[PDB]
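Structure first, commentary second.
Scope of the values below: all heavy atoms of this structure, side chains included, with no hydrogens, waters or symmetry mates. Throughout, protein chains are lettered first and strands after them, A, B, ... in sequence-line order, and every chain is numbered starting at 1. Counting convention: from 1, in listed order, for ligands and their atoms alike.
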Amino acid sequence: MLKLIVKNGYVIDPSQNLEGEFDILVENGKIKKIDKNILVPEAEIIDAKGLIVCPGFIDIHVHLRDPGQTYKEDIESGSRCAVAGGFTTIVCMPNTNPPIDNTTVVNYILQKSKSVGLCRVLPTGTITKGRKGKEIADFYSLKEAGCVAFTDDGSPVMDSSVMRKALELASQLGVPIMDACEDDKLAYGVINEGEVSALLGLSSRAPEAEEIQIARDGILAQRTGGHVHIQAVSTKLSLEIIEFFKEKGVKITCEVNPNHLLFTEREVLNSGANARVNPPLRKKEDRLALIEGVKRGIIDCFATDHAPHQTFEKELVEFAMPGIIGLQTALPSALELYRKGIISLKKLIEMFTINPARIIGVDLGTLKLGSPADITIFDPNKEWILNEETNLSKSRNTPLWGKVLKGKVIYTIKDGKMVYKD
Amino acid sequence: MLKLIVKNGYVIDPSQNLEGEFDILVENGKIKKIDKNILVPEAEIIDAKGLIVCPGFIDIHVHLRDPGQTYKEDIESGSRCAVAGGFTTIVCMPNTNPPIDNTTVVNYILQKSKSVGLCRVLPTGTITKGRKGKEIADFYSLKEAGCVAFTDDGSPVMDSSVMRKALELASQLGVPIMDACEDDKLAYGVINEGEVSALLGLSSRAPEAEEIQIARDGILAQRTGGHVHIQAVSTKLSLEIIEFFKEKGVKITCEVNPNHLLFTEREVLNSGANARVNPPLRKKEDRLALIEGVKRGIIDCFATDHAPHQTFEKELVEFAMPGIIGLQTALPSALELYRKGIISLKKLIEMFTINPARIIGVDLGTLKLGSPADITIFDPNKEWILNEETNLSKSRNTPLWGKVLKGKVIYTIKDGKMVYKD
Amino acid sequence: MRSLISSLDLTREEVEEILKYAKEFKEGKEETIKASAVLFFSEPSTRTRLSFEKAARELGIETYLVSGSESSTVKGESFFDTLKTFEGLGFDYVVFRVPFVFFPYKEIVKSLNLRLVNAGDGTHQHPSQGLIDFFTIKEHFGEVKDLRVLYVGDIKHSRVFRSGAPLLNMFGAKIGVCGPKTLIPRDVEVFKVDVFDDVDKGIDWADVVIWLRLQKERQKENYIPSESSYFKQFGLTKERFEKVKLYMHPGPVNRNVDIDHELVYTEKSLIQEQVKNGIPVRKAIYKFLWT
Amino acid sequence: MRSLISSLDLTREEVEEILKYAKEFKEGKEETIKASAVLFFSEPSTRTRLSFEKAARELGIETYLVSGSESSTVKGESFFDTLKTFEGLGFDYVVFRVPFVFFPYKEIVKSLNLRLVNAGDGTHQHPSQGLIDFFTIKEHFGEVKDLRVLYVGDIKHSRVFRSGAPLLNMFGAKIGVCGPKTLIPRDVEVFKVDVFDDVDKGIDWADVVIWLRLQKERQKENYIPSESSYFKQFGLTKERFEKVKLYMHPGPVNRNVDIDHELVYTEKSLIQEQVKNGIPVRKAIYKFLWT
Ligand SMILES: O=C(O)C[C@H](NC(=O)CP(=O)(O)O)C(=O)O
Ligand SMILES: O=C(O)C[C@H](NC(=O)CP(=O)(O)O)C(=O)O
Ligand SMILES: O=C1C[C@@H](C(=O)O)NC(=O)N1
Ligand SMILES: O=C1C[C@@H](C(=O)O)NC(=O)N1
Ligand SMILES: [Ba+2]
Ligand SMILES: [Ba+2]
Ligand SMILES: [Ba+2]
Ligand SMILES: [Zn+2]
Ligand SMILES: [Zn+2]
């Protein structure tokens with residue numbers, strides 16, 4: 001590995017308004033040149049003919065379950081999922097055990113991720129000590145150790161001064177707060193407060209629980225000057241509120257879990273506990289609004305909230321752990337919107353690359369000369385099935401289990417090294 | 001590094017009853033041959049002429065303060081101290097913050113120690129969760145992650161069933177308990193209960209606090225079949241009790257902090273808080289008994305209890321953190337006994353090499369063919385001063401600060417690689 | 001060899017069949033089923049458990065009673081493992097009442113060689129009560145088609161509502177609900193229901209009103225400021241008695257909360273009739289499930 | 001007219017007799033015993049109580065159920081006085097489960113005109129379970145002689161181990177134990193047992209492994225640092241499933257503590273078979289004690 005060439009693919013680099021049939025030369029893990037028919041003496045070649053070539057995808061919302069819940073997933077299994085899904089960078093959430101609220105846990109993750117060596121794993125810290133919601137965590141030490149953001153995911157912050165103080169201390173450090181928006185007085189049940197909760201009598205989680213905290217966060221972001229990133233947006237009103245603050249110049253970004261683009265609460269009737277997730281799958285009108293928010297640029301990126309749980313944690317809905325895996329299914333799920341002509345291919349790539357890069361302030365999601373050779377190569381049309389043959393997660397918890405997907409990664413490249421191939 | 005030769009030194013390998021002027025050939029980090037005038041094509045050479053060549057020293061009692069107290073010392077600074085003192089292997093204590101009572105902390109230490117790359121750092125786990133003394137820690141997960149022993153150092157275990165259960169579960173796993181013996185009802189003051197406490201009115205720690213727990217541990221070891229290792233023995237009665245259990249075939253080992261060989265409670269009057277240590281420096285009769293226990297083979301090894309604290313933690317004795325650094329001073333301190341003809345050079349080396357190796361069940365402390373090339377090379381007669389010029393610890397807390405020492409490491413070799421030289 | 005977990009699983013034909021047996025049993029039909037049933041109750045019950053028990057015994061079914069907090073549930077035996085235990089012990093029927101929602105249930109039902117009968121699962125289903133309520137309404141009026149049936153009270157927590165409403169709907173009845181707005185599901189119209197803010201309008205509209213008990217033991221917060229105020233706002237008071245046409249209550253009644261102390265057993269009350277219909281409907285269910 | 005309090009009181013011949021009846025009952029033999037039995041349970045039970053109950057009823061024995069905390073035990077009636085009360089009430093059998101060790105028992109048994117059947121006394125005996133476990137092992141292998149039977153887990157607190165091991169030994173089986181060293185009795189070799197520190201060696205050695213539940217409700221202190229660590233160290237994990245030959249568990253199973261969630265009902269599991277053998281063995285016991 002001095003020299004690599006990605007030949008004959010259809011390159012798309014939205015960060016540079018760059019697209020067409022170009023080759024890419026990689027030198028020492030870095031992007032060296034992008035040009036028609038490049039040829040160099042003694043080069044590694046991967047042939048991308050008929051395929052899409054773009055920056056490595058970045059997922060800013062992943063649960064690696066490591067430390068403490070490694071029977072669900074661990075840094076290795078999650079990293080394999082990531083790269084098999086086209087991700088060269090993932091941000092891991094801090095609801096591990098022990099939680100990421102000290103530099104020992106950060107370092108453990110960084111070192112283990114280096115040993116695994118497939119994608120870049122960027123840790124976040126908790127907003128509060130122990131994620132108990134009471135006292136701000138040591139942002140200064142956690143950022144210095146490598147945390148890129150603070151969240152209490154998957155717990156909301158209930159005290160408004162705690163959230164304000166988080167935003168103040170984080171912005172002072174130049175990093176965002178990622179907020180898990182669900183007021184715990186209005187969201188302590190198991191599924192959406194809609195038709196399915198009404199029909200079955202399952203306890204519910206009110207859409208206002210999410211909306212009220214998003215509105216709170218926009219106001220706090222506005223008044224503190226901090227940047228708040230809203231995780232897994234799930235309702236129409238939510239998007240309206242976000243846009244209202246974006247219109248004012250507030251540093252508020254957001255993401256959508258592709259599952260919320262594909263499924264409604266009705267999925268609880270078809271997939272049972274594999275449709276239990278926080279925030280819940282909500283109504284048709286919400287699903288369609290989300291797609292509209294993707295189209296209109298209100299939703300800044302796709303992020304999986306890859307949240308693996310074992311099958312015995314996905315039995316009776318009432319007792320089931322919330323969450324859906326998604327790293328391996330993000331791309332075909334997104335490509336569904338491309339196929340319906342809702343978004344362009346460039347737009348889909350933006351949402352996986354440069355947009356998430358800008359949210360967390362990393363110079364990635366790009367094929368700019370001199371930048372790391374993180375490259376994803378994919379077939380928008382290749383069909384496959386997520387099943388035992390194909391699943392890289394330790395867990396299986398997704399309503400897309402066993403269903404036909406269209407769109408698939410052929411190559412994932414990280415610092416000029418092929419870390420995944422079909 | 002394919003090939004290294006240690007030439008012309010006086011080799012001593014007590015594990016093999018091997019001594020004389022021999023050369024050592026090292027191949028791929030391992031001991032290949034030991035013979036008169038070895039010569040090989042394109043070899044690295046270090047000349048050990050006039051020097052003592054023996055297995056790398058192993059210190060089974062070191063505080064690295066990492067995580068959580070890294071202003072005192074950290075894995076890097078402690079490892080430099082270790083190797084500068086002749087140690088290629090150290091066992092770190094679990095009273096870090098967070099304490100070593102889960103696999104995340106173990107892994108952090110293992111990975112950080114690998115990155116530092118100077119000596120082998122072997123973690124221990126706590127006996128109890130949080131070291132709070134109430135519930136046994138997860139020995140099974142901690143051993144599997146790499147812990148070699150369990151201790152609540154520097155806290156005693158006060159409940160006898162807790163200690164019994166520790167011994168049972170540890171022996172089931174084939175690992176020892178290292179016990180910090182000081183009954184907290186009889187040892188809650190700051191210095192020995194002797195002349196100095198009486199004279200000054202400083203709160204004291206009764207020798208019986210240590211003796212009662214050692215006696216308890218011997219009985220528990222006897223009845224459980226577990227192996228208990230008594231840390232930092234400090235009184236005559238203590239040694240009598242240990243010998244009484246050794247005589248019966250009980251798996252009980254012990255160590256002595258070289259400071260207890262050199263200093264008595266009177267040192268509190270000369271060095272103030274740099275003589276504050278648990279167990280305390282006690283009386284002349286105890287000091288002499290310790291030396292006698294070294295001579296008679298009752299004390300199985302030297303171990304520093306290297307316990308760094310900053311200068312502001314070493315001011316008024318009453319408020320001072322207990323502990324003395326010792327990794328860099330262990331060898332000249334031990335050599336004092338050699339110079340007085342109390343122990344042979346072979347015996348001194350045994351106490352630093354094969355004896356500590358056998359206590360923790362590692363195949364080290366040897367120059368056996370095929371074993372790791374951990375080698376220490378030293379001048380028993382070389383004078384130096386521990387001061388700012390020479391100290392590798394972040395801390396300075398030892399009554400030997402600024403005093404002339406005789407005996408000094410010239411080379412430390414770890415897996416065939418020179419990691420330290422004078 | 002099947003199970004009855006939810007009203008939502010019954011076709012029109014199945015309901016006609018069950019209710020035909022129930023009518024036959026009510027009119028004194030004898031029948032023998034050589035089976036055993038274990039009644040597994042981890043919530044309180046008087047009438048449901050006793051009517052399932054007495055129904056079984058009058059059919060010749062041997063009955064065995066297990067209350068949850070005396071069972072090996074206390075040692076950590078899961079619901080599934082308990083049922084599987086019942087299967088190893090040779091039970092034909094398991095009549096169960098549990099404090100959680102048994103959903104999803106289809107795969108578990110399918111995997112068991114047992115006839116499972118849901119006697120109440122949390123806030124979810126109580127199908128035999130829905131059948132009893134439908135039968136009771138039908139016995140009174142002749143048919144339920146186009147009848148206006150008002151449920152009053154804690155809809156949100158009511159497995160009685162969730163079992164009765166779909167059956168009534170399926171046969172063309174019109175359902176209304178009235179209660180504290182905090183206890184009406186936002187999407188209650190998934191049951192094709194009209195919502196009355198005001199119980200007096202509901203009572204004028206209704207051909208029959210089913211009062212429901214406040215499910216206090218199921219409520220995760222306080223939903224109403226007080227029981228006596230609830231009674232004034234929603235209860236069958238003496239003043240409302242003049243206007244009410246007919247009424248029901250699955251039981252037990254909380255006097256002076258749901259229904260005035262003097263109004264439990266009047267000529268307008270079918271409450272005792274629901275009790276009396278318990279055994280014949282529950283016999284019909286054992287029979288309906290006997291293959 | 002006798003009692004069965006402890007496995008230690010059964011001769012070889014008595015065990016052959018009981019198990020012969022059990023096999024006969026398993027193969028469908030009918031028999032009538034005109035007696036009454038009171039089942040007196042002051043600890044939880046599902047299968048033991050229900051199998052003793054159903055066994056009795058299928059033999060024509062009238063069964064009566066008394067749970068301790070509903071009985072006059074709460075008014076201070078001693079165990080002896082309760083049994084003497086049962087005697088005055090004309091019971092033939094008393095099947096009892098109690099939270100203390102019933103020792104010594106011989107003089108009390110001798111003084112009562114009753115057939116006492118120990119369904120579990122604290123950490124002491126559970127003879128019918130030992131008989132069921134022996135019978136289950138024997139039905140599988142043909143004989144138990146020289147078989148290697150490993151018990152895993154909380155030996156110290158196990159009346160199942162104490163009832164099963166002596167019976168197996170008596171017929172030439174070899175017993176092994178493996179569990180947290182804190183839960184293995186120091187003189188466990190009073191049962192002529194080998195001790196395995198390591199469950200993987202035990203599993204390779206064993207022809208059959210009986211997982212035992214942690215007796216948390218009996219443990220007077222904490223003996224293990226955690227349930228998930230216990231599962232990794234001692235439990236039937238998926239990895240161990242490849243190597244395990246055959247296994248048992250008297251019940252109830254704690255999933256992902258004793259046995260992996262997916263491994264309770266496999267082709268290598270006799271767990272359900274133990275349940276199914278409950279009634280025939282317990283019938284055999286009533287019969288064996290009928291004079
Ligand atoms: O309890 C209620 O309010 C209605 C209903 N009641 C009954 O079934 C009567 P019981 O609890 O006496 O069997 C129930 O849901 O359990
Ligand atoms: O409870 C156990 O772990 C084993 C054994 N279990 C049983 O007898 C089954 P049950 O408690 O359901 O009757 C017992 O000792 O009671
Ligand atoms: O907020 C959250 C957290 C997550 C998890 O399992 O970590 N799963 C979810 O469904 N929502
Ligand atoms: O027991 C102990 C622990 C130690 C420390 O500082 O860790 N220092 C001591 O002097 N004694
Ligand atoms: Ba049907
Ligand atoms: Ba006998
Ligand atoms: Ba009771
Ligand atoms: Zn998340
Ligand atoms: Zn120490």
Side-chain angles (χ1 to χ4, degrees), chain A residues 201, chain B residues 61-65 69 72-73 92-97 131 151-156 178-182 187 190-191 205 210 231-232 234 257 259-260 273-281 304-309 313-314 320-326 395 397, chain C residues 39 41 43-53 97 99 118-126 128-130 132-133 153-154 157-164 210-218 249-254 258 274-275 278 282, chain D residues 2-15 17-18 288:
Chain B
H61 196 156
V62 167
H63 293 271
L64 291 175
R65 311 298 196 208
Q69 307 109 19
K72 297 174 195 281
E73 202 76 281
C92 73
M93 293 304 95
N95 68 340
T96 59
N97 189 221
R131 289 164 70 237
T151 182
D152 264 2
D153 188 56
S155 295
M178 292 171 167
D179 190 22
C181 286
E182 259 192 315
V190 302
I191 61 166
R205 309 199 138 230
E210 171 182 306
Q231 299 178 311
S234 71
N257 176 345
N259 296 118
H260 285 95
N274 287 158
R276 194 191 152 162
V277 56
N278 298 340
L281 307 169
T304 58
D305 194 6
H306 185 260
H309 292 295
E313 294 158 335
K314 296 296 212 174
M321 294 306 282
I324 307 185
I325 62 179
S395 292
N397 57 310
Chain C
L39 281 37
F41 279 62
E43 297 187 321
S45 177
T46 297
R47 66 189 76 180
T48 299
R49 186 270 284 192
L50 285 174
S51 59
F52 269 115
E53 191 175 6
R97 173 173 283 192
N118 183 8
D121 68 315
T123 47
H124 175 218
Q125 281 285 319
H126 188 354
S128 77
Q129 188 70 45
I132 283 156
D133 296 351
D154 185 1
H157 299 89
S158 188
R159 58 194 175 199
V160 176
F161 172 77
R162 293 185 166 89
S163 281
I210 305 178
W211 269 273
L212 298 174
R213 181 198 135 241
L214 289 165
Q215 306 290 298
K216 289 157 72 166
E217 72 282 11
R218 310 184 186 293
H249 190 310
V253 170
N254 296 339
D258 309 333
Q274 295 166 265
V275 175
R282 286 166 178 131
Chain D
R2 203 104 280 235
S3 293
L4 177 53
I5 310 296
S6 174
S7 285
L8 296 182
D9 296 327
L10 292 161
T11 64
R12 285 165 65 92
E13 293 73 16
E14 287 169 327
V15 178
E17 185 188 348
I18 293 161
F288 168 81

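For the atom pair CZ (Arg276(B)) and NZ (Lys314(B)), the distance works out to 7.5 Å, reported to the nearest 0.5 Å. To the nearest 0.5 angstrom, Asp258(C) atom CG is 8.0 Å from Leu212(C) atom CG. Distance check: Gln231(B) CD to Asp305(B) CG gives 7.0 Å after rounding to the nearest 0.5 Å.
Annotation: side chain of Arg159(C) is not in contact with side chain of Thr123(C) (no heavy-atom distance under 4.5 Å). No side-chain heavy atom of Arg205(B) sits under 4.5 Å from any side-chain heavy atom of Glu210(B). Inter-residue side-chain proximity for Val160(C) and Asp133(C) is flagged as met; some heavy-atom pair is nearer than 4.5 Å.
Comparing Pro280(B), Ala307(B), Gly154(B) against atom 1 (O) of ligand 4, the shortest heavy-atom distance belongs to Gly154(B). Taking each of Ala180(B), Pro156(B), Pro322(B) in turn, the one with a heavy atom nearest to atom 4 (C) of ligand 4 proves to be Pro322(B). Comparing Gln129(C), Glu43(C), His126(C), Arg159(C) against atom 16 (O) of ligand 1, the shortest heavy-atom distance belongs to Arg159(C).
For the ligand labelled ligand 4, residue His61(B) lies outside the 4.0 Å heavy-atom shell. In this structure, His309(B) is part of the shell of residues with a heavy atom less than 4.0 angstrom from ligand 4. Ligand 4 is never approached by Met321(B) to a heavy-atom distance shorter than 4.0 Å.
Looking only at protein heavy atoms, the nearest one to atom 1 (O) of ligand 1 is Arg213(C) NH1, 3.0 Å. Shortest contact from atom 12 (O) of ligand 1 to any protein heavy atom: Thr46(C) N, 3.0 Å. For atom 9 (C) of ligand 1, the nearest protein heavy atom (residue, atom name, distance) is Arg47(C) CG, 3.4 Å. Looking at atom 2 (C) of ligand 4, its nearest protein heavy atom turns out to be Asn278(B) O, 3.7 Å.
Here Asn95(B) has side-chain heavy atoms under 4.0 Å from ligand 4, and that is the only part of it that gets that close. Counting heavy atoms under 4.0 Å from ligand 1, residue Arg97(C) touches it through the side chain alone. Counting heavy atoms closer than 4.0 Å to ligand 4, residue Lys72(B) contributes nothing at all.
Atoms of ligand 4 found under 4.0 Å from any heavy atom of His63(B) (numbered from 1 in listed order, with element): 7 (O). The ligand atoms of ligand 1 that sit less than 4.0 angstrom from a heavy atom of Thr48(C) are 7 (C), 8 (O), 9 (C), 10 (P), 13 (O). Listed by number with element, the atoms of ligand 1 under 4.0 angstrom from any heavy atom of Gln215(C) are 2 (C), 3 (O). Counting the atoms of ligand 4 from 1 in the order shown, those under 4.0 Å from a heavy atom of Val277(B) are 10 (O). Remark: ligand 4 atoms within the under-4.0 Å shell around heavy atoms of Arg65(B) are 5 (C), 6 (O), 7 (O). Near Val160(C), meaning under 4.0 Å from any of its heavy atoms, are these atoms of ligand 1: 4 (C), 5 (C), 15 (O). Close approach to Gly251(C) involves these atoms of ligand 1, each under 4.0 Å from a residue heavy atom: 1 (O), 2 (C), 3 (O), 4 (C), 5 (C), 6 (N), 7 (C), 9 (C).
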Task: Stepwise side-chain contact (heavy atoms from CB on, under 4.5 Å) test for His157(C) and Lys216(C) - done: CA-CA 9 Å; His157(C) 299 89; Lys216(C) 289 157 72 166; over 6 Å; no
TODO: Give the intermediate values and the outcome of side-chain contact (heavy atoms from CB on, under 4.5 Å) for residues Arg282(C) and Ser128(C).
DONE: CA-CA 7 Å; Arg282(C) 286 166 178 131; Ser128(C) 77; 2.8 Å; yes
- [ ] Could you give me the CA-CA distance, side-chain angles and deciding distance for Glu217(C) and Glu43(C), then say whether side-chain contact (heavy atoms from CB on, under 4.5 Å) is met?
- [x] CA-CA 10 Å; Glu217(C) 72 282 11; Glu43(C) 297 187 321; 5.8 Å; no
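When only interatomic distances are considered, the shortest N/O to N/O separation between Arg49(C) and ligand 1 does not fall below 3.5 Å. Between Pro250(C) and ligand 1, no pair of N/O atoms sits closer than 3.5 Å. The shortest N or O to N or O distance between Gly323(B) and ligand 4 is under 3.5 Å.
No salt bridge links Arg2(D) with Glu14(D); every basic N to acidic carboxylate O contact stays at or beyond 4.0 Å.
When all heavy atoms of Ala119(C) and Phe41(C) are compared, the pair lying nearest together is CB-CZ, 3.7 Å.
Considering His124(C), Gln129(C), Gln125(C), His126(C) as possible partners of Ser163(C), the one that fulfils the side-chain hydrogen bond (donor to acceptor under 3.5 Å, both in side chains) test is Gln125(C). Results of the side-chain contact (heavy atoms from CB on, under 4.5 Å) test with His61(B) over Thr151(B), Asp153(B), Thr304(B) single out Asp153(B) as the only residue that passes.
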